[PDB]
Every structure is written in C-alpha cells, then in structure tokens.
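>>> Sequence, then the experimental structure. Questions to follow.
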Amino acid sequence: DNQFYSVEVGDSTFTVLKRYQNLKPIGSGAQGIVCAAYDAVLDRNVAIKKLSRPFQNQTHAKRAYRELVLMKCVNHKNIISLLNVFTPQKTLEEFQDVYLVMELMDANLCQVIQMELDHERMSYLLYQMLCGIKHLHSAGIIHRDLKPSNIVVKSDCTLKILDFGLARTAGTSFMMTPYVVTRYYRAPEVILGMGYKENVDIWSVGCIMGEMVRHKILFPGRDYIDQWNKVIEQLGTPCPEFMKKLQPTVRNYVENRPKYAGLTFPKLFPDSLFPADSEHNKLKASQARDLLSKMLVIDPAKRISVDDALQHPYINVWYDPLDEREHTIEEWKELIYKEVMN
Ligand SMILES: Cc1cc(NC(=O)c2cccc(-n3cc(NC(=O)Nc4ccc(F)cc4)cn3)c2)ccn1
C-alpha cells in the first residue's frame, strides 16, 4: 500500500520506490552507498546511490546540493545523467535521505587500470575522459579532483564521469567520519594552492594514463609533502619560471627541497610496459609516451590543453563527425529538499 519499501543492504537500509527490485550492493566501486537494481518500469538495470542526511554539515551539504543542481544542467554521454531522484520522506520536516538513480555500469576505472589494456581500449577511455572534461569546462566546470574511483565503464568500453569535483569559491573543511580522500591525481596547482585554468584536469588524465601503463599510483603519499616529493623525484624540480607564480611561503618551501634532475619519459614509462609484438604497437607506444610527456608537466603554462590532447595522434583517431556561501543545517536541508522535489 506504500509507494516505497525498505531493504537492509550491506549495513544500510534502502527505502526505495517499489519499481526498483533485487537490490545487490556494489561495494567496489561505490564510492558511497551504491546498489545495483532492476527497474520494473524501465525494464533495465539501474544503480541506486543513497545520500544519508546530506545536510548534516557544510562539506556534505555543499557537495550534494551542487551536484544535484549540476546533474540537471549538464548533458553529455561521458558525464552522469540521472534517471530519477527521490526521497521516501513526505515533508521538509521529515526529510532525511536522498536517492539518485542512473544506468548500471559494469565497473569503476581502478578495476580497468589493473588490467592489461591494448592501445585501442586505452586511447578510447582517454578520448572519452577528455570529451567529458571538455564538456564540463564549457559549462564553467573545472573539476580539479578527477580520479578513477569516481569514473565508471561499461563492457563496450563506454565511460562516464560521476562527479563535478572541487567546489569553486571554497573552502574545504575536516571530516569527523572515517573515509580516505584520494589526493594522488590532483594537479601541482591543487597540491600547492596556486590558482588554475581548464588544463588542471589534464594532469589528472596523465596520472590515470600513467597508471594504465605502470599499474602503480604515480605520485602516492600520506599528504601533499610526501606527494610533492614523488612529483619532483620523477619529473624533476620545476624551472625557476614556475616558482615566480607561487605564493611567497609555498615558493620558499618548494625552492628549499633537495633538487632533482628528473627521469626521462622513456625511463619513466619504458618500452617493456607497452605491447611491442607489431609495428602498429611500436608506433602507438611512442605516441602514447609523447602524450604522457605533455600531460605530466608541473608548470600548467607548458602542460597540454584539452583541445590539443583531442588532436594528439594517439587520441584524435576516435574523433567522430550560486551557491557556495555558508548556510546552516536547516538552511541546507531546505535548499537540497526543494531540489529533490523541484
Ligand atoms: C550488468 C551488471 C553490472 C553490474 N555492475 C557492477 O557490479 C558495478 C561495479 C562497479 C561500479 C558500478 N557502477 C557504479 C555506478 N554508480 C556509482 O558508483 N555512483 C553513483 C550512483 C548513482 C548516482 F546517481 C550517482 C553516483 C554505476 N555502476 C557497477 C552488476 C550486475 N550486473
């Protein structure tokens, strides 16, 4: 008799619309609390994400509210499209949880990274990541936090970006909850608070590509100290021109780290990491290495744009012809609720 029904999945209760049946947890990855389900109405398999009391703090609130707003005003095949948004709660007073529905994909990008991929597959994932990022950039969306965990793929190698990243005109805080923030794919400008342009997300596409070839996180670490050491340890200390654009403090710290000449890209990503059996693969390896060498550049002023990357011989083959201000818990609960209810 209720339009909704509850089911305990993993550890989390899922009060969902009776149309969604046979709810199996994804776990990895997922991300947050994400389910697989069969939509009776649409006759297709969907993925259901539960946002638990998202208005509980500024961090959770700003992200949920901005992603909901942006999921509506964005339309691309490599960007998250919502099939449904709902709340089981009947009033603004009763409101607790938000449920976002999208099509079911088959894996996240970390899983795909672990696999031995060919140049056909590899350049197709990379073309799509850049297509998505180009679309976000045109909508005035500079991600800054692109990572494989928030990227999903289908068996046919079709890719989608699930989030809209770092809140422009913010202003991040702490988390009283136990969850890891993946910083490994963030651009040096993010690592060193610098001010950015569109190609801040290219660094991210270079870390991912690098990991597809190496099968190891390129610049790991506990924090930006550990991390920055690995960036300069491999690509070498940035040129004096880069230092000039830094804040006086950042500049002082950066200039005072032991200097490194840096490894060359054939030594960073040797021939052994790539298929070599044919001439085709021999050519595709040097083309692959060239793209990386242009994406993994500390100084943004020198690092490759999204448009130039799509016209790179490795990628180009796939070409086919309000309101970041502070609010309260009550203020946020309303902004979010009247966006669910529209
Ligand atoms: C045919 C089929 C496919 C299955 N898929 C999986 O097991 C699987 C594994 C990892 C990731 C995903 N996947 C995850 C999402 N969505 C999200 O992670 N987050 C998200 C969800 C909804 C939103 F509105 C926004 C973000 C999609 N696919 C599915 C399982 C069984 N059969």
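Happy to help now that I have it. Residues are numbered from 1 along each chain as shown.

>>> State the distance from residue 79 to the ligand.
11 Å (CB to the nearest ligand atom, to the nearest Å). Bear in mind the C-beta positions are built from the backbone N, C-alpha and C, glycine included.

>>> Kindly report the same for residue 136.
15 Å.

>>> measure the closest residue to that residue other than its chain neighbours to residue 227 for me?
In this structure, residue 136 finds its nearest non-sequential neighbour in residue 143, 6.0 Å apart by CB to CB, 6 or more residues apart in numbering. The spacing between residue 143 and residue 227, counted by CB to CB, to the nearest Å, is 18 Å.

>>> Look at these two and report which has more neighbours.
residue 143 (22 against 19; other CB atoms under 10 Å).

>>> Is the more buried one in contact with residue 135, as I believe?
No: between residue 143 and residue 135 there is no contact, the gap being 11.0 Å when judged by CB atoms under 8 Å.

>>> Which helix or strand lies directly C-terminal to the longest helix seen in the chain?
Assignment by DSSP state H gives helix 119-138 as the longest helix of the chain. Once helix 119-138 ends, the next helix or strand along the chain (criterion: DSSP states H and E) is strand 151-153.

>>> which residues are contacting stretch 207-227?
Stretch 207-227 is contacted by residues 109, 112-114, 117, 122, 125-126, 129, 146-148, 151, 183-185, 191-192, 229-231, 234, 268-269, 273-274, 288, 291-292, 295-296 when judged by CB atoms under 8 Å, 6 or more residues apart in numbering.

>>> Who's the closest spatial neighbour of the residue of the stretch 101-250 of the chain found nearest the ligand, skipping the chain neighbours?
Closest approach between the stretch 101-250 of the chain and the ligand, counting by CB to the nearest ligand atom: residue 105, at 3.3 Å. Distances taken as CB to CB, 6+ apart put residue 152 closest to residue 105, at 3.9 Å, once the chain neighbours are dropped.

>>> wouldn't the one you found be in contact with residue 104 here?
No: with contacts counted by CB under 8 Å, residue 152 stays clear of residue 104, the gap being 9.2 Å.

>>> Neighbour count: those two, which is higher?
Using other CB under 10 Å, the more surrounded residue of residue 152 and residue 104 is residue 152, with 28 against 19.

>>> bridging residues for that one?
residue 108, residue 160 (DSSP bridges).

>>> tell me the contacts of it?
Contacts for residue 152 were tallied using CB under 8 Å, 6+ apart; they are 105-109, 159-160, 162.

>>> That one and residue 163: what is the separation?
Applying CB to CB to residue 152 and residue 163 gives a distance of 11 Å.

>>> Could you give the backbone dihedrals for the most centrally placed residue in the chain?
Closest residue to the average C-alpha location of the chain: residue 146 at 3.0 Å, with CA atoms, centre = their mean. Phi and psi for residue 146, reported as degrees, to the nearest 10, are phi -80, psi 130.

>>> Quick check: it vs residue 270, distance?
Where residue 270 is concerned, residue 146 sits at a distance of 26 Å (CB to CB).

>>> Assess the claim that residue 37 and residue 23 are in contact.
Yes: using CB under 8 Å, residue 37 is in contact with residue 23, at 5.1 Å.
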